[PDB]
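[1] sequence-free structure coming up:
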Ligand SMILES: [Zn+2]
Ligand SMILES: [Zn+2]
Ligand SMILES: [Zn+2]
Ligand SMILES: [Zn+2]
Ligand SMILES: [Zn+2]
Ligand SMILES: [Zn+2]
Ligand SMILES: [Zn+2]
Ligand SMILES: [Zn+2]
Ligand SMILES: [Zn+2]
Ligand SMILES: [Zn+2]
């Protein structure tokens, strides 16, 4: 029945994740993990989703997310890993949209996955030029805004998590922009604040 | 009569604007608003325009402009979205040429639409390389010069609005170029000043 | 007996190789070498092949291959030389299929022929556009997969040689794609990894 | 037998190394040693490797490594030399992987080769801007993590060597980051500590 | 006798060179000099060549070469001029093959002609994209290798001239590739060194 | 005969040097002297060199070197002048290699030319940032090491002059790094000492 198919999906994804994790040259691992996530999104979309099978799908997604985040963090050219992480975020948004919503614990798992992704991406952007870091950060914030719009759940947790992510983004911006003349500080900081305020305004209107 | 068809146009444009605004992936949204603006320009050009139906057309255009500006601001690759903004500016110039001129309140609405477009485009250009920023800004100034050439109204409002826009452009250039060696400062700043001066000179010749 | 005909083939191929090697305008040299390889393959297919005459045929093939590789390396338009290399490796596959398999030393000679061909083709593709380089490399790896499937021998040597060739291709691709925006990196890399993984899977299955 | 082929390889590599070492313009020399190392790894992969021929292969590798390190140190543009050293590290990692493991003395030779490579790379990066230097150092430590994963041997030697190498990296980072505002100190240093801790965690988990 | 025909050829070539040199639009001038060189080659091949008439033929060739080089340098699209220069080099190679060899002074004249051609072509390629410059220089090196193989004379002058040309090409490449990321320099520079080394190996073996 | 051609070269180089010296905008002057030195190198290489014509070639080189050094000292952007001086050093190294060796007086002239070049380079680098000054000095000492390897003569003069140049460079470094925190003093100074010690070691090995 549903249990058998879900467990078969579990096993297949588990073997593929192990195999890709074992490998070297993390960029190829990232591409393979993205393709695995895509085929998994397709298989989930085909199968009928109910409240019974949600936890297993969520933990499969968590396994994929942890493996991909660790592989990306394992060291590579920062810009490449940044775009790979953005595509991962978009695919994960599609995944959570397809999954649906359930008991709060799975939402907590998804939120902590999101937060680990944010931390890893900030850590990777830590070593770029100020302008490139600004571009990566604003695009990444837009991606999180799209995700938070897609997610369904109790507003308080979503708002608090988004505000916390915003605080980390702003703190890193203040850290990094210190090595430029303050005119560039004004420029980039104003851009980042405006985009993050726009994201906040949408999330507030949507979840108000 | 005229009221019926104008209100029908209002309704269709409103529904299309809502539908496209709801959507994600803002670039396709800008494409859709461009096509809607084109077909609306066509429909208005076809219909006989009188003083009675002008305010409704003006507010329809204002709805279109606010939706497009907000969508462009909502985050994307700056260069693509800014080129879309330039195309929107050209189509808006065609639209205002088609509409004609009337009581001052509309003209104020069009001027603040222009202002929102300019601020949003400067905001988009805030996070580019200095050379690409200068290209975008000079093209933008050319587009606004064309628009101000097209518009008809009281001289004081047009001249003051153009001088204001020029001041924002100059201030943004002064902010952004500060991150380069002063020779490039001289080069790019001289180019921007000369093109903005040419724009001022035309507006003065034609519209004084 | 067999010695007489084999040595006559040796002498004729030697003279033709000398004459073609002496000439300039390398493209006609590769064309003539391809025609020589075709007449040689027909002659070998006609003659009965046993373990006694194998080494002489193998060294004749090695002479032809070294001459062709050196002439191709001697400088020409890269894309034309890549086409000639593809035809050459196809005819070489047919040749090794016709020859049969024997003591390990001849297999080592054939493998190092293949590896020299790979190095020369990578060296030639070194100086093209990224997309054209991707096309050349993907066609090349398809040809190598066909060869490795065709060859018979101890699995360990073939698997190790294929892995080394794959790593060479990957290193060159990582070098070359550095001059493009990382989205193109993602695209072209993902294509290359996927085709190389398909080749690896087949060779592993059929040599398993 | 095996001795004859191994000694022939010894002689050929020796002559090529002498000829390239005699030459000027160290960048071409580094390219030539890279190609020599590639052909040597190919030849070794082809030949059957046993305990008898391991010391000669190891000392050939040591000759190649000393020549390459000395040539890189002999003066050039630092950043190009850094990427050349990274490519050499990757190729020599594949070389030790192909060689296999044996009596401890050869492992000592490989470890001191690695350590001299690290010292040379640190010395070359000594004269770069802080951000670049950080990028070069993190990429280099990722390469060393890959190597230390690849090598097999006694745990204590590998763990101690990696810890010492990490300490040299950290000491250089501390010395170099002194010429920046402390915010950039925080940023870059935190990135370096995090990546080095990731390397340590893998080595400990996999190899402990 | 021979003197009469040689002087008539001198006069005809002189008049045609004057007329083509007077004209503007340098590309048609280059085409005209190419056709003049071809017809002069045919005429020389028809006439019997002895030691008596060699200097006059050599100075006619020098006149043609100086006129063509000056016209090519006089400004045009770089790629078109490079193509024309390669065709000119091939035709002049055929010409010197037809002429034969003689007293050292004429060989010095031919060598300085080749040096001027190399300088002009390098100066023209000075203003191209790095990849296109690499293609132009590799084609140039192939053409010079063909010429140096064709020429007969004392080995020392040929070897020294080839080494000097190689050093000029290397210096220019070291200038040009400095504007690209170091991976691109690795790639293109490795290609250039490898092709120049192949050219050196041939000229050394052939002419040693 | 030899005197005639050598004196013609003398006159031509003299006129070109005077003409370029008269001109302002010293950067174009350095470019012109570089091209003159290149063509002079070619012309000398073509001509047969003997002990009879050596002094005239040496004094021509001295004229060119004094003119170039004076023009470089005459004021320009320091970094551009530094790169031009390095290229001049490489070209003059090629020139002296072409010239050969002779009576001690010409060697003294060449050595004093070298020393004046070094003094001018230090004087120009006197007004740069500490890191840029370090890069200029390291590249420059590498170039002088290459030259000293190239030159042939009595060991005592070469060793003494190199030691004196090392003392000059070291004294200038102790001057320049005085305005930095002592950690940067340690870093850059250690780099300089290590590089200059490696240069000394080579010189001792080759010339001992
Ligand atoms: Zn899919
Ligand atoms: Zn990790
Ligand atoms: Zn339309
Ligand atoms: Zn918005
Ligand atoms: Zn060759
Ligand atoms: Zn290889
Ligand atoms: Zn050294
Ligand atoms: Zn001219
Ligand atoms: Zn030259
Ligand atoms: Zn002066």
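    Great, that's in hand. Numbering: from 1, shown residues only, chains lettered A, B, ... in the order given. Ligands and ions are numbered 1, 2, ... in the order given.
[2] Spit out the contact partners of the residue sitting nearest the centre point of chain A.
    Centrality entry for chain A: nearest residue to the mean C-alpha point is residue A:89, 3.9 Å, by CA atoms, centre = their mean. By CB atoms under 8 Å, 6 or more residues apart in numbering or on different chains, the contact set of residue A:89 is A:117, A:140, A:143, A:144, A:147. In short, each C-beta sits where N, CA and C put it, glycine included.
[3] Show residues contacting stretch A:38-54.
    Under CB under 8 Å, 6+ apart, the answer for stretch A:38-54 is A:2-3, A:5-6, A:9, A:13, A:57, A:60, A:64, A:91, A:94-95, A:98-100, A:102, A:106.
[4] List the buried residues of that stretch.
    By neighbour count on 16 or more other CB atoms under 10 Å in any protein chain shown, the buried set for stretch A:38-54 is A:40, A:41, A:43, A:44, A:49, A:53, A:54.
[5] Also stretch A:180-195?
    Buried, per 16+ other CB under 10 Å, within stretch A:180-195: A:180, A:184, A:185, A:187, A:188, A:189, A:191, A:192, A:195.
[6] top helix in chain A by residue count?
    helix A:182-207 (DSSP state H).
[7] about what we covered before: in JSON lines: the buried residues of stretch A:38-54, plus distance to ligand 2.
    Output for the buried residues of stretch A:38-54, formatted as JSON lines (distance: CB to the ion, whole Å):
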{"residue": "A:40", "distance to ligand 2": "23"}
{"residue": "A:41", "distance to ligand 2": "25"}
{"residue": "A:43", "distance to ligand 2": "28"}
{"residue": "A:44", "distance to ligand 2": "27"}
{"residue": "A:49", "distance to ligand 2": "32"}
{"residue": "A:53", "distance to ligand 2": "31"}
{"residue": "A:54", "distance to ligand 2": "29"}
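[8] what's the distance between residue A:23 and chain D?
    Plainly put, residue A:23 is 12 Å away from chain D if you go by CB to the nearest CB, to the nearest Å.
[9] Residue A:29 is in contact with that residue, correct?
    Yes. The criterion here is CB atoms under 8 Å, and residue A:23 meets it with residue A:29 at 5.4 Å.
[10] Show me which of the two is the more surrounded one.
    residue A:29 (24 against 11; other CB atoms under 10 Å in any protein chain shown).
[11] How about the secondary structure of residue A:48?
    coil (DSSP: H, G, I helix; E, B strand; the rest coil).
[12] Distance of it relative to residue A:3?
    13 Å (CB to CB, to the nearest Å).
[13] which parts of the helix or strand hosting residue A:170 are buried?
    Applying DSSP states H and E as the criterion places residue A:170 in helix A:155-176. Buried residues in helix A:155-176, counted by 16+ other CB under 10 Å: A:158, A:159, A:161, A:162, A:165, A:166, A:169, A:172, A:173, A:176.
[14] What separation do you get for the fifth one and residue F:8?
    Plainly put, residue A:165 is 78 Å away from residue F:8 if you go by CB to CB.
[15] Need the buried residues of stretch A:180-195 in a markdown table (columns: distance to residue A:69).
    Formatted as a markdown table, those follow (distance: CB to CB, whole Å):
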| residue | distance to residue A:69 |
| --- | --- |
| A:180 | 30 |
| A:184 | 31 |
| A:185 | 31 |
| A:187 | 31 |
| A:188 | 26 |
| A:189 | 28 |
| A:191 | 27 |
| A:192 | 23 |
| A:195 | 24 |
